[PDB]
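1. Sequence first, structure after, both from an experimental entry:
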Amino acid sequence: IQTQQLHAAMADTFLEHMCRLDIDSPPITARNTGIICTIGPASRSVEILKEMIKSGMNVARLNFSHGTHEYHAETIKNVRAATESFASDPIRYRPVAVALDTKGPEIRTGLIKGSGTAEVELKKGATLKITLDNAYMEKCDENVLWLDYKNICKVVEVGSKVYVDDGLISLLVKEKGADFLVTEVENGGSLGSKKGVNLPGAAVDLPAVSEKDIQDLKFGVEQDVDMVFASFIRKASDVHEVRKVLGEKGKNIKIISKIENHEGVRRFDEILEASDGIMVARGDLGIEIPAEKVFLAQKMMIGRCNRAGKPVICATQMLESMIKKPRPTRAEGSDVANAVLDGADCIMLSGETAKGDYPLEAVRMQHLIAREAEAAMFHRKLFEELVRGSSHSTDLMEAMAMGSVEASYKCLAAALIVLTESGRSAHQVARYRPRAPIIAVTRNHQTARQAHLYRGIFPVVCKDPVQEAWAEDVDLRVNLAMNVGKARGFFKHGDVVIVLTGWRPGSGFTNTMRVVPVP
Amino acid sequence: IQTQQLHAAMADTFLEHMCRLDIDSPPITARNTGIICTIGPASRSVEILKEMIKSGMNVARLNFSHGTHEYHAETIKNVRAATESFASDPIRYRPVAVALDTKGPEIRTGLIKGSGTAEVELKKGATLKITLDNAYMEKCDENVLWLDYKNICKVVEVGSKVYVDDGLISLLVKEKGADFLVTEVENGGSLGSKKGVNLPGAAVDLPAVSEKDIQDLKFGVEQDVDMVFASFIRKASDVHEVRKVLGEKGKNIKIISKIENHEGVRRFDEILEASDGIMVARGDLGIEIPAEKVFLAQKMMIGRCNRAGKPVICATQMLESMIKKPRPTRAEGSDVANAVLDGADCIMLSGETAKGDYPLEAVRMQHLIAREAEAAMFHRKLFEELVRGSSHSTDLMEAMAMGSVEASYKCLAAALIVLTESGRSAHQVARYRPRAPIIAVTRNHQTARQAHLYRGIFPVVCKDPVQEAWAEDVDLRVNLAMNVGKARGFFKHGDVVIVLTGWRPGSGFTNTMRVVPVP
Amino acid sequence: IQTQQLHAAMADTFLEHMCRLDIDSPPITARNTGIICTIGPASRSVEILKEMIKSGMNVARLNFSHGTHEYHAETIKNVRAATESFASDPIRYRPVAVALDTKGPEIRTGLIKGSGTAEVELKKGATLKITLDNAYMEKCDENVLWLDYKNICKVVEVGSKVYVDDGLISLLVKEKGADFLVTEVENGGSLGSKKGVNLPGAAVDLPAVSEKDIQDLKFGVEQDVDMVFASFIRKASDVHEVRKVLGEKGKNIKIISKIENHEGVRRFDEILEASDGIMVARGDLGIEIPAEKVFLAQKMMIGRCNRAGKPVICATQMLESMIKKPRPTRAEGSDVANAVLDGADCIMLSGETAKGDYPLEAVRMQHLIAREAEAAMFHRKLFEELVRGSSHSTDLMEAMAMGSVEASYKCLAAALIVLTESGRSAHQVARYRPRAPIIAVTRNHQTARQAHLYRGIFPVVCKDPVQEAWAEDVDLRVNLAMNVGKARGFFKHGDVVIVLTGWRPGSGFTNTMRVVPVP
């Protein structure tokens, strides 16, 4: 019995590979998939934030649908407080990225001033009028419901369906007025305040980047966020728009478009081209397009992204039962294993961490599942298919990367060390999917934060001054990477490690490779 | 834009196949994966049972952990009442199978006579003693908990964990007495009566087939059940034991072993050999072995079964949020799409149908998802890999099957018609995974019921007397199969269909194949 | 140790397949590659022609570069005399096809009336003038050489090379006159009369179909030849030209274009489209294009033809040492094994049979080598790659063919029986490369003759009148095919055989398949 699934690793066919999966083949200590946690009331604590960092949280996400800039700054503050409390031991310091998840063309319900009403239980077949007249803006109730979108009457047909509270509630547009819609409760259930509304099949003319958006992003640049999760991207221009607002001072903030509608699925290719990565926002996507179709959209996007060399994040409701329960469902565990198996660079925790009872437990589960699915991949077939996808390129770093990843497969390297500052080089190695961790040593801080988007990169910040002699400088960083790998238990003295570094100070890319045993 | 995913179907690599998945490529009307519904309070109604039949329920499952034989007979009665209400139109009649899901070596909690107590909320760190002394057998409470397993003290070590209510509650065995265990509530939560207990790492000496079991099975033979879902199979003998109880009168009842422990995973191969099919019982398996490992065990078993030609059923918590909600989670939709993609012959609904609010909705969802994942399979690669798995056999029906399935791929047949009585022949075609439905015309009733275990078979019962002339008899059945395919909308006049039939009355197997247009 | 190379047959990789080739794995009695013999002085004898027929000669070729129509008619006469001497036993009768190999835009040397001269040995560096002045038309000698091509001076540049006697002699065009060329003997050697001249890089404006050609072809239609080997095809029009001369009475004569220049390699695709098959005429091709390139041109053409479903014949100098020796060279044996391995439908014997000392020995060698290389093919990989080449077609006979060929692979059929009259159906089976022989039973005579062009078809002529009952008629032919297979030793009672036949009298194609044991 081999370890880390090396037996299934040797199969000639995918079916053989599946038949050979062993639940007694222990994975390796390293976990390559990045976990992104949505920060909320259940996790804003610096204390809980340290526990989350120690549990593998990599990127802290900030949903700007909710909260005041003041509330967010203090979140960024705490997040930074906890990340830096470990800054003391550079060998045990883990940079955590910060992500601004934008509030998109979001339509939401008004306020239910019907406060006497314990639960505004809506019942099947009942009627409910929807008003744009903002006098009931706060007097929402089972009978009259107010909403954001002022051009909704122009967009909907008598007969359309309206989805509130994550499509849980469906309304049939029975009658249409000049500024209201007489609907019928198709799906009864209790509705709350400010719930989100989805108009599948409707042409929402709302803009990608609104005034609110322009302010949240500008606060984003100011608070020096690493990446931006932009909601509702329908086209490549939306991305150029988001980009223009960030300007020069936002020149390095990575824009991750969120495909959560049909248009973005249609226009996917153009979007991917223009973005820095992609997010499969299962939530709205699954209300915008038929829920049965979602898995198709997900695999197409992860495969395409994997093909192009762009990070891709699978999101929403992955371990959701864990908001109230300490263990996920059987369906939830497979959902996570299959996203890693699908090739997702990062997986995400939202309600599970934002306001759930089991923040940390959720984190460790994604960690556990991620570690195991990563071992269950069919690297050989995957790399061949990936090598072939790229056929048209003659790129040198891609060559160093393929070559390095190929060498690691043969000698079963414990990891790959990449000395990088801009991050491009480590990115390329991560793209050809090695089985071993990629320790990325850099003195650039944004680089180390943002390297979390990529599968396999374990970023490490070198806090030592630069050495006069390039070689000394190189070995300085290589020992840093070694002492870390050994402290983290990724490898021990005597193990073999592939090392990618530049020949001379101005090498352009990682053009030298060595196969060295761990000292 | 092709339909039914024919574009992705043409890919040279699995990555290409993934990149080509289109959410605008409508599947076909036929759904090949069999849906198994667990019958409970929410579905015992003949009226709801007709609605469930019209919604695609194929096999009714009866969990013998609960209920009285009297309660079950009436369930079998109603199930039969509803199936036969359609018996009138043989073209629209759908045989529904009945499955006896055995109560295995099940350990359960006592009764909580602590009735004054609204909710016996157990809290973290608290202590709780577990007694075998059956005086508290009904006086269960937060302080004293009684259980089934009388040899539990011999099996556990001080330090072990005990899982109650589907592992939701974990107890640390702090102290051990001669007939009790002083445990500590590791996971606080409200515990109910008769909950199930799991002892991971413990050697439960309970038997596979108990006295209760011997009676439930004998009632099973008597009520003429089609298959048996046997719980907790640890080895090939357990299966021979279950088999021996069924005897000669149970000679045709299909025994499906349920792998829900570690031993059955270990001994899997021996079990598969001895069973008629397998069930991946995610529930207990996920409490018996680390939940992170489960997806491994599932894929290994589905691949291995797919390899051998044995039906395999993926089960438990597939659309569970739908017990209280009308729409599943994003994680649940992928769980179902991935089991079909994994190759599962049948998928199952338990709490979702047994006592859930949305019985029918759950059914149609599995139906929807199943239909779409079936189109997203990589048939070409799958068939090649399957053809290769079989390499060692020179079997003639396997040859007719491979040949037929290959021909269907080329001409894009609307379906495959198989005239079978024993079912063996249609089974072989289903094993090489054609893309088109397999209409199985038979005059045998158990055959048509039990053909649900196999992916792709749409069983049809011929209610006409036998014709003196074999040819006439053959064409009689072939038109039956055609009128059905047309009524169900699987194909229309002019479409092409592959037809497998016997040359002469005593052919042994389906040895003649024709490519005929639909009249 | 398996037989017929079944072990290598099971390999997962081509390298594995090669490593597994066993010289102790006896092939099967049947040989599928068709042997084409060029008839000459050494084989015009009816007696030698029977021996050649008994030795596997399949198609008799008639090179119209040489001979008088009177000489050819008597050859056709003898060929027919010998074929029909076996006509007595229909079970042992073998139809032999007749092929008219056209004299193309052929340039040839004049007559050497320098008869006193024992051998007109030309020596290096010497000079030699080439005259169009036909007074020396017969007075050819080492000093003055006359030739056919009257527009040669317009075509050549001072500096060009002229190739005489199959490029064995090379001349450098040192000086150019108005109607002569002062050349220099680059390659000295003895030159004979009427030798052929090749002008590589020259634009020969000679026509594809000349007056001579128009007469030879019209004699071809008249003598009722089966196929036509048309020399020097440069384009698709040349083929339409050859076709137009055959007219309606030549409507069934198969036109096989001979690619023996660079243009035909360039225009290959257009030619293939327009022809009935192709011939890789290595002789001139190897003087027209650099000899090192030839193997490239050959494999490209055989692969492309194999891809399209068109017969392809590898020709010239395959066993040439056997003109004077009784055993071929080591290089010659591999040349033949590699053409079969390459996928060549037919292989050819020219000088080896035309005027060689060992006519019969040459035949049996091609037979021996062919039989063994056919076993060394990688059918599995070949069929998959072939199935994929065809992807775009949904053709029903192609489906029956793929399906049949797939079934034969699984059950290891001893042969495939195809009841055909027009031959189309058997052709399709042969195209997906089964491992077993394809016995083609037909009552059509041209069909049975011309079925030799295709790899695997063992044509059989049914000489029985038609039966009133289609079924009886079908079984009549199937037993014919069985008694033949048994007489030829291809299979014995108890062996399995795939049988392709039409359902009813007017089936359109072979749409019914059965797997039957040999009676």
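-> Good, I have the coordinates. Numbers count the residues shown, from 1 in each chain, chains lettered A, B, ... in the order given.
2. Please make it C-alpha for all contacts and neighbour counts, starting now.
-> Fine.
3. Pull out the buried positions in stretch A:21-40.
-> A:21-28, A:30-40 (16 or more other C-alpha atoms under 10 Å in any protein chain shown).
4. From those residues, which land in strands?
-> Cross-referencing the buried residues of stretch A:21-40 against strands under DSSP state E gives A:34-38.
5. Relative to residue A:259, which of the residues you listed is nearest.
-> Comparing those against residue A:259 with C-alpha to C-alpha picks out residue A:36 as the nearest, at 17.1 Å.
6. Tell me how far the closest one lies from residue A:232.
-> 19 Å (C-alpha to C-alpha, to the nearest Å).
7. Kindly report the same for residue A:89.
-> For residue A:89, the distance to residue A:232 equals 41 Å [C-alpha to C-alpha].
8. Which one of these two is surrounded by more residues?
-> Neighbour count, other C-alpha atoms under 10 Å in any protein chain shown: between residue A:89 and residue A:232, residue A:232 has more, with 26 against 10.
9. quick one: contacts for that one?
-> A:104-105, A:208, A:257-261, A:264 (C-alpha atoms under 8 Å, 6 or more residues apart in numbering or on different chains).
10. any idea where the helices of the stretch 401-519 of chain A begin and end?
-> With DSSP state H, counting those that start in this stretch as the criterion, the stretch 401-519 of chain A has helices at A:424-431, A:445-450, A:470-487.
11. Who are the packing partners of the second one?
-> Using 3 or more C-alpha pairs under 8 Å, 6 or more residues apart in numbering or on different chains; DSSP states H and E as the contact definition, the elements that helix A:445-450 packs against are strand A:457-461.
12. How far does the strand it packs on sit from its chain's centre?
-> Chain-centre distance of strand A:457-461: 18 Å, with C-alpha atoms, centre = their mean, to the nearest Å.
13. what's the answer for stretch A:270-286, then?
-> Relative to its chain's centre, stretch A:270-286 lies at 10 Å (C-alpha atoms, centre = their mean).
14. Give me the residues contacting it.
-> Residues outside stretch A:270-286 that contact it (C-alpha under 8 Å, 6+ apart): A:166, A:198, A:229, A:233-236, A:239-240, A:254-262, A:264, A:291, A:294, A:298, A:301, A:305, A:310-317, B:330.
15. Okay, now that stretch: how far is its last residue from its first?
-> Using C-alpha to C-alpha, the end-to-end distance of stretch A:270-286 comes to 21 Å.
16. For it, which residues meet the burial criterion?
-> Applying 16+ other C-alpha under 10 Å to stretch A:270-286 flags A:271-272, A:274-286 as buried.
17. and stretch A:257-270, how far out from the chain's middle?
-> In terms of C-alpha atoms, centre = their mean, the centre of stretch A:257-270 is found 16 Å from the chain centre.
18. Show me which residues of that stretch are buried.
-> For stretch A:257-270, the buried set under the neighbour-count rule, 16+ other C-alpha under 10 Å, comprises A:257-262, A:264-266, A:268.
19. mind checking how far whichever residue of the stretch 301-450 of chain A sits closest to chain C is from residue A:12?
-> Taking C-alpha to the nearest C-alpha as the measure, the stretch 301-450 of chain A has residue A:381 as its residue closest to chain C, at 14.1 Å. In this view, residue A:381 and residue A:12 are 9 Å apart by C-alpha to C-alpha.
20. Who has more neighbours out of the two?
-> Between residue A:381 and residue A:12, counting by other C-alpha under 10 Å, residue A:381 is the more crowded of the two (18 against 14).
21. Work out for me the element that one sits within.
-> Using DSSP states H and E, residue A:381 falls within helix A:379-390.
22. give me the residue from the stretch 201-350 of chain A nearest chain B.
-> Nearest residue of the stretch 201-350 of chain A to chain B (C-alpha to the nearest C-alpha) works out as residue A:300 at 4.4 Å.
23. Does that residue touch residue B:20 like I think?
-> Yes - taking C-alpha atoms under 8 Å as the definition, residue A:300 is a contact partner of residue B:20 at 6.2 Å.
24. Residue numbers of chain A in contact with chain C?
-> With C-alpha under 8 Å from any C-alpha of the partner chain as the criterion, chain A meets chain C at residues residue A:12.
25. Chain B contacts on the stretch 51-200 of chain A?
-> Checking the stretch 51-200 of chain A against chain B by C-alpha under 8 Å from any C-alpha, the hits are residue A:168.
26. which stretches of the stretch 51-200 of chain A form strands?
-> Using DSSP state E, counting those that start in this stretch, the strands of the stretch 51-200 of chain A run over A:57-63, A:97-101, A:107-108, A:121-122, A:127-131, A:144-146, A:161-164, A:169-176, A:180-185, A:189-190, A:196-198.
27. Can I get these in TSV including mean neighbour count?
-> Below are these laid out as TSV (neighbours: other C-alpha atoms under 10 Å in any protein chain shown):
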stretch	mean neighbour count
strand A:57-63	24
strand A:97-101	25
strand A:107-108	19
strand A:121-122	17
strand A:127-131	22
strand A:144-146	23
strand A:161-164	22
strand A:169-176	20
strand A:180-185	22
strand A:189-190	17
strand A:196-198	22
